[PDB]
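> Mind having a look at this structure? Questions to follow.
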Number of protein chains: 4
Amino acid sequence: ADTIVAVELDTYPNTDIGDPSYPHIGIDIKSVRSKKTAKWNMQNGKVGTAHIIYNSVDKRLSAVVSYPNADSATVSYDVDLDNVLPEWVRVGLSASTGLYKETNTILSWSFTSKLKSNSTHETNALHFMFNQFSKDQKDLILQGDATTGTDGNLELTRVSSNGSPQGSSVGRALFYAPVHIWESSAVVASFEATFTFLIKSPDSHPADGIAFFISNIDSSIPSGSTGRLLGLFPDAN
Amino acid sequence: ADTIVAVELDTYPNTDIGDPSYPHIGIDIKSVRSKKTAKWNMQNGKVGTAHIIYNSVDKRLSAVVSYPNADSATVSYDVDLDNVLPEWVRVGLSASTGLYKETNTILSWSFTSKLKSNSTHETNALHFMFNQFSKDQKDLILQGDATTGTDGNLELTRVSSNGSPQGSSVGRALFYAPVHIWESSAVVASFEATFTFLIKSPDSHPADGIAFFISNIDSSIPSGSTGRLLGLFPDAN
Amino acid sequence: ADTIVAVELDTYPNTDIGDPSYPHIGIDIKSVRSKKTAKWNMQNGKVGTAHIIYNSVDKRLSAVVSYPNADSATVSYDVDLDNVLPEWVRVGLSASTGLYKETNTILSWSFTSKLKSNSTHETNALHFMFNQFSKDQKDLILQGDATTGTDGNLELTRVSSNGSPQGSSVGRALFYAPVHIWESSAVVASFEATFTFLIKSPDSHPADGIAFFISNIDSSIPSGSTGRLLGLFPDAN
Amino acid sequence: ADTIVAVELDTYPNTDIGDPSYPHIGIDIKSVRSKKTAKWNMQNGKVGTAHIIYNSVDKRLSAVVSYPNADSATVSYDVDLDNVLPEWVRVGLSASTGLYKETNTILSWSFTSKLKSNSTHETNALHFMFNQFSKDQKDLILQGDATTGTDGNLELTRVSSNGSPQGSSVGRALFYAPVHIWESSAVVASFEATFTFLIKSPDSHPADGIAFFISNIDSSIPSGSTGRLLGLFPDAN
Ligand SMILES: [Ca+2]
Ligand SMILES: [Ca+2]
Ligand SMILES: [Ca+2]
Ligand SMILES: [Ca+2]
Ligand code: NI
Ligand code: NI
Ligand code: NI
Ligand code: NI
C-alpha cells in the first residue's frame with residue numbers, strides 16, 4: 001500500500017475512528033486515526049491558511065491553521081519522518097466528500113524543501129509556489145476528481161457548474177517532481193508548506209476535509225477513500 | 001524536431017558553422033550557429049561559473065561566465081522567447097565530445113523561474129538548487145551518457161574509471177518538472193540559472209562544450225549530435 | 001544634493017515639467033522630468049501592484065504596473081545605474097500631495113538585491129518583504145508625514161482620522177539597512193522591487209503620486225518637495 | 001545589561017564555568033554557562049559550517065556544526081525565545097581570544113527570519129547572505145577588534161599582518177537592520193542562520209571560540225569579555 005504522512009483539516013467528526021467531537025486539525029502517520037489533534041473552529045465560506053513545518057534535527061511535525069480576524073489552531077507530533085517515509089517522496093493536497101459535502105478549493109500552495117550537507121555549506125533545495133492554477137497545469141499530477149483552472153483555482157473535489165459541491169468525491173494534486181527528504185550526507189533536512197483554502201457548503205455539517213500529504217512517489221488514491229478517509233487511506237485502521 | 005534555446009560554453013572552434021576562431025560563449029536560438037558570441041578565455045582544469053538571465057519585459061537573453069581570479073565574458077541577445085519556445089518547457093544541461101574531448105562535469109546547478117500575474121501581487125515560482133548529485137537523482141531526467149553520483153557530481157559525458165574523458169560522447173540532464181514560462185495573466189516572467197562546471201582535458205584542444213538549454217518538454221538528444229552539435233541540434237543549419 | 005533614481009506612479013499631469021497629459025508611469029534619473037513615460041490608467045480606490053527590475057548586465061531599468069482585471073502599463077529606460085548612483089544606497093517609497101490630494105497607502109513592499117562575484121558562485125543578497133506594517137516599524141526610516149500601523153499599512157502621506165487624505169503632504173519610508181549595488185568583484189548585480197498600493201481620493205483629480213526610489217544612504221526629503229516633486233527633488237530641473 | 005541568546009562554538013574548556021572537558025557546541029540563554037552542550041571535534045585550520053534554527057511553534061533552539069569529511073555535532077534546547085528576547089533584536093557573530101588564541105575568521109554568513117500572520121498568507125521576511133566582506137561593509141556594525149575585507153573575510157578578532165592570531169582580543173559583527181522576531185498577529189515566527197568559519201591557531205590549545213547571537217538592538221561588547229566570555233557576557237554568572 002502507499003505510505004502516507006499527512007496534516008488533516010478534518011471538517012466532520014467521525015468519532016468511531018478517533019476523531020474528536022468537533023472539526024479538528026490532526027497529524028496522521030500511516031493511519032487516518034490521527035496521532036494528535038487540536039480543535040479547529042472551521043469557518044464555512046471563509047478563506048483560511050495552513051502552515052506545515054518539519055526538520056530532521058528536531059523531528060517534530062507541526063501545523064498551524066488560521067483565518068483572518070480569528071485565533072489560530074496548532075498541532076504538533078514528535079516523529080522521525082526518516083523512519084516513516086522513503087528517501088524520495090511526492091508532496092500533495094487531497095480532499096474528499098461523502099454523503100455530507102463541501103467545496104475543497106485551493107487558492108494557493110507553496111512548498112520548500114532543503115537538504116544541507118557537510119560539504120561547505122552546502123545546500124540543495126526545491127521550492128514551488130502556486131497562486132493560480134490554469135486549465136493545463138502540467139507541473140501537477142491531478143488524481144480523481146481534481147481539476148484546475150476554474151476561477152484560476154484548484155478544485156480538489158467535484159463542483160457543479162453552478163458552484164455547488166458534490167458528494168461522494170475524492171481528488172488530489174501532487175507536485176510533478178519527486179522530492180528528496182533524506183540523503184546520507186545531509187546534516188539538516190527541512191520542509192515547509194503553506195496552502196490557502198476555501199471550504200464552503202450549503203449545509204450545517206460540511207464534510208470531509210482537506211489534507212497536505214507526503215507519500216511514496218507512485219501514490220494513488222486508494223479505492224473507497226471518499227468521505228472520512230480523505231483520499232489518503234484504504235481503511236480506517 | 002525539438003525547439004531549443006541555449007547558452008553555449010563552446011570549447012572548440014568550428015569555423016565552418018560560424019564559430020569564431022577561439023573558445024566562446026554564445027546564444028543559440030534554434031540553431032548551433034549562434035546569434036551572438038563573445039570570446040571566452042576557457043581554463044582547462046579550473047572550476048568556472050555561468051549565469052543566465054532573462055525576463056519578458058526586456059526580452060534580452062544574457063549570460064556571464066567567469067573563473068576565480070579572472071575577468072568575466074558576457075553575451076546578450078534581444079529575443080522574445082515567447083515567440084520561440086512553447087508555454088511549457090523543460091530546462092537542462094547538455095554536453096558533448098567528438099574526436100576531441102574533455103570532461104563535462106557539473107558541480108552545481110540552480111534555476112529560478114517566476115511568473116507574476118495581475119492578481120495582487122501575485123507570484124508563481126519554481127526554484128531548484130543542486131550542490132551535489134547522488135547516484136539515483138530522481139528529479140533529473142538523464143539522457144545519453146550522463147551520470148550522477150561520481151564524486152557527488154553530474155558527469156554529462158563519459159569518463160573512464162581512471163577519470164579520463166572519452167570521445168564521441170553526448171549527455172544531458174533535464175529537471176523533472178515542466179516549467180511554465182508564459183501564462184496569459186503574467187505581467188512579468190523571468191528566469192535565472194547558474195551552474196558551476198569543471199572542464200578538463202589531457203589535450204591542448206578540448207572539445208566540445210557545455211550548454212544550458214530550454215526545450216520543449218519532450219526533448220531528446222538528436223541523432224548524431226555528438227561533437228560540435230552539443231547534444232542539442234540535429235544538424236548545423 | 002541627493003542623488004535619486006526613481007520609478008514614479010504619477011497621478012497628476014504637470015505638463016510644464018514634461019508630464020504627458022494623463023496619469024503615467026515614468027523613469028526618473030536625477031530629475032522629475034522623466035526620461036521615459038507610459039500612459040497609466042490609474043484607478044481611484046483600487047489596489048494596484050508595481051514591479052521594478054534591473055540588472056547590471058543589461059543596464060535597463062524597467063517597471064510594470066497593473067490592477068486586477070486590467071491590462072498593465074510598462075516603461076523601460078537604458079541606463080547604467082553604476083554611473084548614476086553610489087556603490088551603497090538606500091531604497092525607499094515616497095509620495096506627496098499638493099493642493100490636489102489622494103491617499104498614498106502602501107499595503108506591501110518587497111525588495112531583493114543580489115551581487116554575484118567571480119568566486120565560486122558566489123552570491124551576496126539582501127531581501128525584505130513587508131505585508132504589514134506595525135506602529136513601531138524599527139526597520140523603516142520614516143520621513144516627513146509617513147506613518148505605519150494604521151490598519152497595518154504604511155501611509156506615506158497624511159490622512160485624517162476619518163480617512164480623508166490631506167493636501168500639502170510629503171512622506172517617505174526607507175529600508176534601514178544600506179544596500180550594496182556595485183562591488184568590484186561582482187559579475188552580475190540585480191535588484192527587483194514590488195509594492196502594492198491604494199490611491200484613493202474624493203476628487204476627480206487626485207495628486208500627486210507614489211514612487212519607488214534609490215538614493216544616497218543619507219537622503220532626506222528636499223525642502224519644498226510637496227506636490228509635483230514627489231518628495232524626491234528640490235526643483236523641477 | 002544586554003540580553004543575549006547565543007550558540008557557542010567553544011574551543012577552550014573552562015571547567016569552572018560549566019564547560020565540559022572538551023571543545024563543545026552550546027546553547028547560551030542569558031549566561032555563558034550553557035543550558036545544553038554537545039562534544040565538538042573541532043579541527044584546527046579547516047573550514048567548518050554551523051547552522052542554527054528556531055521557530056515559535058516548537059520553541060526549540062537547535063544547532064548543527066560540521067566539517068567536510070567529518071560527522072556533525074548537534075545541540076538543542078527547549079526555550080520560548082519570546083520570553084527571553086525583546087520583540088526587536090539584532091543578530092550577530094562574536095568571537096574572542098584570551099591568553100590562548102586562534103583566528104576567528106568568517107567566510108560566509110546568512111540569515112533568514114520570517115513572520116507569518118493570519119492575514120492571507122501572509123508573510124514578512126528578512127534575508128541576508130554574505131559570501132564576501134569588503135573593507136567598508138556598511139550593512140554590518142563592527143564592534144571591538146572586528147574587521148572586514150582582508151582576503152574578503154570577516155576577521156572577528158585581531159590578526160597580525162603575517163596572519164598570526166593575537167591574544168586578548170574581542171570583536172563582533174551585527175547586521176545593520178533590526179529584526180522583528182515577534183509580532184502580535186504572527187501565527188508562526190522562524191529564523192535560520194548559517195555561517196562558515198576558519199579557526200586556526202599555531203597552538204595545541206586554541207581559544208576561545210565563535211558565537212552566533214541574538215541581542216537587544218543596542219547591544220555592545222561588555223567590558224572585560226575577552227577570553228572565556230566570548231564577547232557576549234559581562235561575567236560568568
Ligand atoms: Ca473526519
Ligand atoms: Ca564549437
Ligand atoms: Ca505630475
Ligand atoms: Ca570556554
Ligand atoms: Ni480526523
Ligand atoms: Ni559555437
Ligand atoms: Ni511625471
Ligand atoms: Ni562553553
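Letters for chains follow the order of the C-alpha cells (A, B, ...), residue numbers begin at 1 for each chain, and ligand numbers begin at 1 in the order shown.
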Would you give me, as a PyMOL selection string, the residues of chain D that come within 10 Å of chain C, using only C-alpha atoms?
chain D and resi 88-89+108-117+119-134+136-140+175-180+183-185+217
> Counting only C-alpha atoms and all ligand atoms, what residues are within 8 Å of ligand 5, given as a PyMOL selection string?
chain A and resi 8-14+17-20+23-26+32-34+37+228
> Excluding range 193-198 of chain A and any residue of its chain fewer than 6 positions from it, enumerate the residues within 6 Å of it, using only C-alpha atoms, and give them as a ChimeraX atom specification.
/A:46-52,105-111
> I'd like the interatomic distance between CA of residue 234 in chain A and CA of residue 214 in chain A, to a tenth of an Å.
15.7 Å
> Could you please determine the separation between CA of residue 148 in chain C and CA of residue 199 in chain C in Å, to one decimal place?
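For CA of residue 148 in chain C relative to CA of residue 199 in chain C, the distance reads 16.1 Å.
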> Report, in Å to a single decimal, how far apart CA of residue 212 in chain D and CA of residue 59 in chain D are.
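Computing it gives 17.8 Å between the two atoms.
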> Just list the residues in range 55-189 of chain C DSSP gives strand (DSSP E) on the backbone, as a PyMOL selection string.
chain C and resi 55+60-66+73-78+88-96+105-117+123-130+140-144+147-150+153-155+170-175+179-180+186-189
> Which one of C:99, C:173, C:210, C:154 sits closest to ligand 7 if you count only C-alpha atoms and all ligand atoms?
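Ranking C:99, C:173, C:210, C:154 by distance to ligand 7, first place goes to C:210.
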> As a VMD selection string, please: the residues near residue 200 in chain C (cut-off 7 Å, only C-alpha atoms, same-chain neighbours under 3 positions excluded).
chain C and resid 44 to 45 102 to 103
> Those residues with C-alpha atoms, as a compact mmCIF listing (two decimals), in the first residue's frame please?

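The result, written out as part-v1.txt:
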```
# COMPACT_ATOMS: atom_id res chain seq x y z
CA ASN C 44 -9.08 55.60 -7.87
CA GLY C 45 -9.80 53.37 -4.91
CA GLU C 102 -5.03 61.42 -2.53
CA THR C 103 -4.18 58.71 -0.04
```
